[PDB]
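I have placed the structure first, in the form of structure tokens, so that the comments after it can refer back to it.
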Amino acid sequence: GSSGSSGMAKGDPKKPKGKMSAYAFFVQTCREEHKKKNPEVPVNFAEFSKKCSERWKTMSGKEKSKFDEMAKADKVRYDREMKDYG
């Protein structure tokens, strides 16, 4: 951990984004929603995550499903992309 950095400076918009897991999706989707309402409000990733991550473990396989179907496809999509890339 102890990264404190959302992304990087050296990165081309061409290369495929690393593989994401169902969990991540839950966190991301949650963020995008926060901006939709409070676009002009700060979001302490540190705290925001503490509430999200905890909500991921407390979730039931049924709920995670929504993020399971997506992630499951996020692994096959990226894999194929790498084939063409390198």
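Labels for the structure tokens follow display order: chains A, B, ..., residues from 1 in each chain, ligands from 1.
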Select from chain A everything DSSP, run on the backbone, classes as helix (DSSP H, G or I), then give the selection as a PDB file with N, CA, C and O atoms, in the first residue's frame.
ATOM      1  N   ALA A  22     -14.079  -7.830  -9.497  1.00  0.00           N
ATOM      2  CA  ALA A  22     -15.418  -7.441  -9.071  1.00  0.00           C
ATOM      3  C   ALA A  22     -15.360  -6.364  -7.994  1.00  0.00           C
ATOM      4  O   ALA A  22     -16.070  -5.361  -8.066  1.00  0.00           O
ATOM      5  N   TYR A  23     -14.510  -6.578  -6.995  1.00  0.00           N
ATOM      6  CA  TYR A  23     -14.362  -5.625  -5.900  1.00  0.00           C
ATOM      7  C   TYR A  23     -14.129  -4.215  -6.432  1.00  0.00           C
ATOM      8  O   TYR A  23     -14.930  -3.311  -6.197  1.00  0.00           O
ATOM      9  N   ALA A  24     -13.026  -4.036  -7.151  1.00  0.00           N
ATOM     10  CA  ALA A  24     -12.687  -2.738  -7.720  1.00  0.00           C
ATOM     11  C   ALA A  24     -13.917  -2.061  -8.316  1.00  0.00           C
ATOM     12  O   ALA A  24     -14.237  -0.922  -7.976  1.00  0.00           O
ATOM     13  N   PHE A  25     -14.602  -2.770  -9.208  1.00  0.00           N
ATOM     14  CA  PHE A  25     -15.796  -2.238  -9.853  1.00  0.00           C
ATOM     15  C   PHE A  25     -16.709  -1.561  -8.835  1.00  0.00           C
ATOM     16  O   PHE A  25     -17.148  -0.429  -9.033  1.00  0.00           O
ATOM     17  N   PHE A  26     -16.992  -2.265  -7.743  1.00  0.00           N
ATOM     18  CA  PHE A  26     -17.854  -1.735  -6.693  1.00  0.00           C
ATOM     19  C   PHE A  26     -17.351  -0.377  -6.212  1.00  0.00           C
ATOM     20  O   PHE A  26     -18.131   0.561  -6.039  1.00  0.00           O
ATOM     21  N   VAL A  27     -16.043  -0.279  -5.995  1.00  0.00           N
ATOM     22  CA  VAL A  27     -15.436   0.964  -5.534  1.00  0.00           C
ATOM     23  C   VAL A  27     -15.531   2.051  -6.599  1.00  0.00           C
ATOM     24  O   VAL A  27     -15.948   3.174  -6.317  1.00  0.00           O
ATOM     25  N   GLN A  28     -15.143   1.707  -7.823  1.00  0.00           N
ATOM     26  CA  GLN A  28     -15.186   2.655  -8.930  1.00  0.00           C
ATOM     27  C   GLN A  28     -16.604   3.171  -9.152  1.00  0.00           C
ATOM     28  O   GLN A  28     -16.865   4.369  -9.035  1.00  0.00           O
ATOM     29  N   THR A  29     -17.517   2.260  -9.472  1.00  0.00           N
ATOM     30  CA  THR A  29     -18.908   2.624  -9.711  1.00  0.00           C
ATOM     31  C   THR A  29     -19.425   3.561  -8.626  1.00  0.00           C
ATOM     32  O   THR A  29     -20.134   4.526  -8.913  1.00  0.00           O
ATOM     33  N   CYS A  30     -19.067   3.272  -7.380  1.00  0.00           N
ATOM     34  CA  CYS A  30     -19.495   4.090  -6.252  1.00  0.00           C
ATOM     35  C   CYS A  30     -18.958   5.512  -6.375  1.00  0.00           C
ATOM     36  O   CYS A  30     -19.660   6.480  -6.083  1.00  0.00           O
ATOM     37  N   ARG A  31     -17.707   5.631  -6.809  1.00  0.00           N
ATOM     38  CA  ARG A  31     -17.074   6.934  -6.969  1.00  0.00           C
ATOM     39  C   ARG A  31     -17.786   7.757  -8.038  1.00  0.00           C
ATOM     40  O   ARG A  31     -18.225   8.878  -7.781  1.00  0.00           O
ATOM     41  N   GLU A  32     -17.897   7.193  -9.237  1.00  0.00           N
ATOM     42  CA  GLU A  32     -18.555   7.876 -10.344  1.00  0.00           C
ATOM     43  C   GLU A  32     -19.905   8.440  -9.910  1.00  0.00           C
ATOM     44  O   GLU A  32     -20.298   9.527 -10.331  1.00  0.00           O
ATOM     45  N   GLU A  33     -20.609   7.691  -9.068  1.00  0.00           N
ATOM     46  CA  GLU A  33     -21.917   8.115  -8.579  1.00  0.00           C
ATOM     47  C   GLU A  33     -21.785   9.316  -7.647  1.00  0.00           C
ATOM     48  O   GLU A  33     -22.611  10.228  -7.672  1.00  0.00           O
ATOM     49  N   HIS A  34     -20.740   9.308  -6.825  1.00  0.00           N
ATOM     50  CA  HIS A  34     -20.499  10.397  -5.885  1.00  0.00           C
ATOM     51  C   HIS A  34     -20.260  11.710  -6.624  1.00  0.00           C
ATOM     52  O   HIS A  34     -20.673  12.776  -6.167  1.00  0.00           O
ATOM     53  N   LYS A  35     -19.590  11.626  -7.768  1.00  0.00           N
ATOM     54  CA  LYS A  35     -19.296  12.807  -8.571  1.00  0.00           C
ATOM     55  C   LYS A  35     -20.553  13.318  -9.267  1.00  0.00           C
ATOM     56  O   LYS A  35     -20.724  14.524  -9.456  1.00  0.00           O
ATOM     57  N   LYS A  36     -21.432  12.397  -9.646  1.00  0.00           N
ATOM     58  CA  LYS A  36     -22.675  12.754 -10.318  1.00  0.00           C
ATOM     59  C   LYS A  36     -23.511  13.693  -9.454  1.00  0.00           C
ATOM     60  O   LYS A  36     -24.207  14.571  -9.965  1.00  0.00           O
ATOM     61  N   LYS A  37     -23.437  13.503  -8.141  1.00  0.00           N
ATOM     62  CA  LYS A  37     -24.184  14.334  -7.204  1.00  0.00           C
ATOM     63  C   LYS A  37     -23.304  15.445  -6.642  1.00  0.00           C
ATOM     64  O   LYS A  37     -23.653  16.623  -6.714  1.00  0.00           O
ATOM     65  N   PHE A  45     -10.299   9.481  -0.611  1.00  0.00           N
ATOM     66  CA  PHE A  45     -10.187   8.080  -0.996  1.00  0.00           C
ATOM     67  C   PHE A  45      -9.947   7.198   0.226  1.00  0.00           C
ATOM     68  O   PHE A  45     -10.550   6.133   0.364  1.00  0.00           O
ATOM     69  N   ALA A  46      -9.063   7.649   1.109  1.00  0.00           N
ATOM     70  CA  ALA A  46      -8.743   6.901   2.319  1.00  0.00           C
ATOM     71  C   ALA A  46     -10.008   6.522   3.080  1.00  0.00           C
ATOM     72  O   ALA A  46     -10.216   5.357   3.417  1.00  0.00           O
ATOM     73  N   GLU A  47     -10.852   7.514   3.349  1.00  0.00           N
ATOM     74  CA  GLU A  47     -12.096   7.283   4.072  1.00  0.00           C
ATOM     75  C   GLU A  47     -13.136   6.625   3.170  1.00  0.00           C
ATOM     76  O   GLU A  47     -13.704   5.587   3.512  1.00  0.00           O
ATOM     77  N   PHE A  48     -13.381   7.236   2.016  1.00  0.00           N
ATOM     78  CA  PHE A  48     -14.353   6.711   1.064  1.00  0.00           C
ATOM     79  C   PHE A  48     -14.179   5.205   0.883  1.00  0.00           C
ATOM     80  O   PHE A  48     -15.157   4.464   0.790  1.00  0.00           O
ATOM     81  N   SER A  49     -12.927   4.762   0.834  1.00  0.00           N
ATOM     82  CA  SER A  49     -12.624   3.346   0.660  1.00  0.00           C
ATOM     83  C   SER A  49     -12.995   2.555   1.909  1.00  0.00           C
ATOM     84  O   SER A  49     -13.581   1.474   1.824  1.00  0.00           O
ATOM     85  N   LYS A  50     -12.650   3.099   3.072  1.00  0.00           N
ATOM     86  CA  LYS A  50     -12.946   2.445   4.340  1.00  0.00           C
ATOM     87  C   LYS A  50     -14.423   2.072   4.429  1.00  0.00           C
ATOM     88  O   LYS A  50     -14.783   1.056   5.025  1.00  0.00           O
ATOM     89  N   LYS A  51     -15.274   2.899   3.830  1.00  0.00           N
ATOM     90  CA  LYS A  51     -16.712   2.656   3.839  1.00  0.00           C
ATOM     91  C   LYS A  51     -17.108   1.699   2.720  1.00  0.00           C
ATOM     92  O   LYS A  51     -18.062   0.931   2.856  1.00  0.00           O
ATOM     93  N   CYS A  52     -16.369   1.746   1.617  1.00  0.00           N
ATOM     94  CA  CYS A  52     -16.642   0.881   0.475  1.00  0.00           C
ATOM     95  C   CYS A  52     -16.154  -0.539   0.739  1.00  0.00           C
ATOM     96  O   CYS A  52     -16.946  -1.481   0.775  1.00  0.00           O
ATOM     97  N   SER A  53     -14.846  -0.686   0.922  1.00  0.00           N
ATOM     98  CA  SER A  53     -14.252  -1.992   1.176  1.00  0.00           C
ATOM     99  C   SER A  53     -15.070  -2.771   2.203  1.00  0.00           C
ATOM    100  O   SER A  53     -15.390  -3.941   1.998  1.00  0.00           O
ATOM    101  N   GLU A  54     -15.404  -2.110   3.307  1.00  0.00           N
ATOM    102  CA  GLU A  54     -16.184  -2.740   4.366  1.00  0.00           C
ATOM    103  C   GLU A  54     -17.557  -3.163   3.853  1.00  0.00           C
ATOM    104  O   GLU A  54     -18.149  -4.120   4.350  1.00  0.00           O
ATOM    105  N   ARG A  55     -18.058  -2.441   2.855  1.00  0.00           N
ATOM    106  CA  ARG A  55     -19.361  -2.741   2.275  1.00  0.00           C
ATOM    107  C   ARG A  55     -19.263  -3.899   1.286  1.00  0.00           C
ATOM    108  O   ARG A  55     -20.270  -4.513   0.935  1.00  0.00           O
ATOM    109  N   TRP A  56     -18.047  -4.190   0.842  1.00  0.00           N
ATOM    110  CA  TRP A  56     -17.818  -5.274  -0.106  1.00  0.00           C
ATOM    111  C   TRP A  56     -17.790  -6.622   0.605  1.00  0.00           C
ATOM    112  O   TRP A  56     -18.324  -7.612   0.103  1.00  0.00           O
ATOM    113  N   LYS A  57     -17.164  -6.656   1.777  1.00  0.00           N
ATOM    114  CA  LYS A  57     -17.068  -7.883   2.559  1.00  0.00           C
ATOM    115  C   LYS A  57     -18.406  -8.220   3.208  1.00  0.00           C
ATOM    116  O   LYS A  57     -18.750  -9.391   3.375  1.00  0.00           O
ATOM    117  N   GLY A  61     -22.856 -12.864  -1.762  1.00  0.00           N
ATOM    118  CA  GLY A  61     -22.569 -13.346  -3.101  1.00  0.00           C
ATOM    119  C   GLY A  61     -23.597 -12.886  -4.115  1.00  0.00           C
ATOM    120  O   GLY A  61     -23.260 -12.586  -5.261  1.00  0.00           O
ATOM    121  N   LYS A  62     -24.857 -12.832  -3.695  1.00  0.00           N
ATOM    122  CA  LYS A  62     -25.940 -12.405  -4.574  1.00  0.00           C
ATOM    123  C   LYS A  62     -25.731 -10.966  -5.035  1.00  0.00           C
ATOM    124  O   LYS A  62     -25.861 -10.661  -6.221  1.00  0.00           O
ATOM    125  N   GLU A  63     -25.406 -10.088  -4.092  1.00  0.00           N
ATOM    126  CA  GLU A  63     -25.180  -8.682  -4.404  1.00  0.00           C
ATOM    127  C   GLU A  63     -23.926  -8.509  -5.257  1.00  0.00           C
ATOM    128  O   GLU A  63     -23.927  -7.765  -6.238  1.00  0.00           O
ATOM    129  N   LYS A  64     -22.858  -9.201  -4.875  1.00  0.00           N
ATOM    130  CA  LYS A  64     -21.597  -9.127  -5.604  1.00  0.00           C
ATOM    131  C   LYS A  64     -21.773  -9.592  -7.046  1.00  0.00           C
ATOM    132  O   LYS A  64     -21.016  -9.198  -7.933  1.00  0.00           O
ATOM    133  N   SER A  65     -22.778 -10.433  -7.273  1.00  0.00           N
ATOM    134  CA  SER A  65     -23.052 -10.954  -8.607  1.00  0.00           C
ATOM    135  C   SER A  65     -22.981  -9.842  -9.650  1.00  0.00           C
ATOM    136  O   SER A  65     -22.256  -9.948 -10.639  1.00  0.00           O
ATOM    137  N   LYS A  66     -23.741  -8.776  -9.420  1.00  0.00           N
ATOM    138  CA  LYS A  66     -23.765  -7.643 -10.337  1.00  0.00           C
ATOM    139  C   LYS A  66     -22.352  -7.249 -10.755  1.00  0.00           C
ATOM    140  O   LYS A  66     -22.103  -6.931 -11.918  1.00  0.00           O
ATOM    141  N   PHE A  67     -21.429  -7.276  -9.799  1.00  0.00           N
ATOM    142  CA  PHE A  67     -20.040  -6.922 -10.069  1.00  0.00           C
ATOM    143  C   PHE A  67     -19.240  -8.148 -10.497  1.00  0.00           C
ATOM    144  O   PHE A  67     -18.120  -8.031 -10.993  1.00  0.00           O
ATOM    145  N   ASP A  68     -19.823  -9.326 -10.300  1.00  0.00           N
ATOM    146  CA  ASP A  68     -19.166 -10.575 -10.666  1.00  0.00           C
ATOM    147  C   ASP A  68     -19.210 -10.791 -12.177  1.00  0.00           C
ATOM    148  O   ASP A  68     -18.209 -11.154 -12.790  1.00  0.00           O
ATOM    149  N   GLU A  69     -20.380 -10.565 -12.767  1.00  0.00           N
ATOM    150  CA  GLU A  69     -20.555 -10.737 -14.204  1.00  0.00           C
ATOM    151  C   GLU A  69     -19.633  -9.800 -14.980  1.00  0.00           C
ATOM    152  O   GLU A  69     -19.046 -10.187 -15.989  1.00  0.00           O
ATOM    153  N   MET A  70     -19.514  -8.566 -14.501  1.00  0.00           N
ATOM    154  CA  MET A  70     -18.664  -7.574 -15.149  1.00  0.00           C
ATOM    155  C   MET A  70     -17.195  -7.973 -15.055  1.00  0.00           C
ATOM    156  O   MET A  70     -16.514  -8.113 -16.070  1.00  0.00           O
ATOM    157  N   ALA A  71     -16.713  -8.154 -13.830  1.00  0.00           N
ATOM    158  CA  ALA A  71     -15.325  -8.539 -13.605  1.00  0.00           C
ATOM    159  C   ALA A  71     -14.964  -9.789 -14.402  1.00  0.00           C
ATOM    160  O   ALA A  71     -13.943  -9.827 -15.088  1.00  0.00           O
ATOM    161  N   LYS A  72     -15.810 -10.809 -14.307  1.00  0.00           N
ATOM    162  CA  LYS A  72     -15.582 -12.060 -15.020  1.00  0.00           C
ATOM    163  C   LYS A  72     -15.266 -11.800 -16.490  1.00  0.00           C
ATOM    164  O   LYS A  72     -14.487 -12.527 -17.105  1.00  0.00           O
ATOM    165  N   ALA A  73     -15.876 -10.758 -17.045  1.00  0.00           N
ATOM    166  CA  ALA A  73     -15.656 -10.399 -18.441  1.00  0.00           C
ATOM    167  C   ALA A  73     -14.456  -9.471 -18.588  1.00  0.00           C
ATOM    168  O   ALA A  73     -13.891  -9.338 -19.674  1.00  0.00           O
ATOM    169  N   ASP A  74     -14.072  -8.830 -17.489  1.00  0.00           N
ATOM    170  CA  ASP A  74     -12.937  -7.914 -17.495  1.00  0.00           C
ATOM    171  C   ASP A  74     -11.621  -8.679 -17.577  1.00  0.00           C
ATOM    172  O   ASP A  74     -10.579  -8.112 -17.907  1.00  0.00           O
ATOM    173  N   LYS A  75     -11.673  -9.972 -17.274  1.00  0.00           N
ATOM    174  CA  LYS A  75     -10.486 -10.816 -17.313  1.00  0.00           C
ATOM    175  C   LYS A  75     -10.284 -11.409 -18.705  1.00  0.00           C
ATOM    176  O   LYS A  75      -9.153 -11.607 -19.147  1.00  0.00           O
ATOM    177  N   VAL A  76     -11.388 -11.686 -19.390  1.00  0.00           N
ATOM    178  CA  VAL A  76     -11.333 -12.252 -20.732  1.00  0.00           C
ATOM    179  C   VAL A  76     -11.056 -11.173 -21.773  1.00  0.00           C
ATOM    180  O   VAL A  76     -10.395 -11.424 -22.781  1.00  0.00           O
ATOM    181  N   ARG A  77     -11.564  -9.971 -21.522  1.00  0.00           N
ATOM    182  CA  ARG A  77     -11.372  -8.853 -22.438  1.00  0.00           C
ATOM    183  C   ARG A  77      -9.915  -8.401 -22.443  1.00  0.00           C
ATOM    184  O   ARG A  77      -9.308  -8.241 -23.503  1.00  0.00           O
ATOM    185  N   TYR A  78      -9.360  -8.194 -21.254  1.00  0.00           N
ATOM    186  CA  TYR A  78      -7.975  -7.756 -21.123  1.00  0.00           C
ATOM    187  C   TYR A  78      -7.018  -8.803 -21.684  1.00  0.00           C
ATOM    188  O   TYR A  78      -6.053  -8.472 -22.373  1.00  0.00           O
ATOM    189  N   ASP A  79      -7.291 -10.068 -21.381  1.00  0.00           N
ATOM    190  CA  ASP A  79      -6.456 -11.165 -21.855  1.00  0.00           C
ATOM    191  C   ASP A  79      -6.340 -11.142 -23.376  1.00  0.00           C
ATOM    192  O   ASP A  79      -5.247 -11.264 -23.927  1.00  0.00           O
ATOM    193  N   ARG A  80      -7.476 -10.986 -24.048  1.00  0.00           N
ATOM    194  CA  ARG A  80      -7.502 -10.949 -25.505  1.00  0.00           C
ATOM    195  C   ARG A  80      -6.774  -9.717 -26.031  1.00  0.00           C
ATOM    196  O   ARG A  80      -6.062  -9.786 -27.033  1.00  0.00           O
ATOM    197  N   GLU A  81      -6.957  -8.590 -25.350  1.00  0.00           N
ATOM    198  CA  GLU A  81      -6.317  -7.343 -25.750  1.00  0.00           C
ATOM    199  C   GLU A  81      -4.798  -7.484 -25.747  1.00  0.00           C
ATOM    200  O   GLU A  81      -4.113  -6.957 -26.623  1.00  0.00           O
ATOM    201  N   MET A  82      -4.279  -8.200 -24.755  1.00  0.00           N
ATOM    202  CA  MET A  82      -2.841  -8.411 -24.637  1.00  0.00           C
ATOM    203  C   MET A  82      -2.308  -9.198 -25.830  1.00  0.00           C
ATOM    204  O   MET A  82      -1.172  -8.999 -26.261  1.00  0.00           O
ATOM    205  N   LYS A  83      -3.135 -10.094 -26.359  1.00  0.00           N
ATOM    206  CA  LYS A  83      -2.747 -10.911 -27.503  1.00  0.00           C
ATOM    207  C   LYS A  83      -2.384 -10.036 -28.699  1.00  0.00           C
ATOM    208  O   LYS A  83      -1.373 -10.264 -29.362  1.00  0.00           O
ATOM    209  N   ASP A  84      -3.215  -9.034 -28.966  1.00  0.00           N
ATOM    210  CA  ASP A  84      -2.978  -8.123 -30.081  1.00  0.00           C
ATOM    211  C   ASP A  84      -1.880  -7.120 -29.740  1.00  0.00           C
ATOM    212  O   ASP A  84      -1.054  -6.777 -30.585  1.00  0.00           O
ATOM    213  N   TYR A  85      -1.878  -6.653 -28.497  1.00  0.00           N
ATOM    214  CA  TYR A  85      -0.884  -5.687 -28.044  1.00  0.00           C
ATOM    215  C   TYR A  85       0.516  -6.292 -28.074  1.00  0.00           C
ATOM    216  O   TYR A  85       1.398  -5.810 -28.783  1.00  0.00           O
TER     217      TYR A  85
END
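In this model, the gap between CA of residue 41 in chain A and CA of residue 16 in chain A comes to 29.7 Å.
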- Message: Excluding range 3-5 of chain A and its own-chain neighbours fewer than 2 positions away, which residues fall within 12 Å of it when counting only C-alpha atoms? Please give them as a PyMOL selection string.
- Response: chain A and resi 1+7-9+44-46
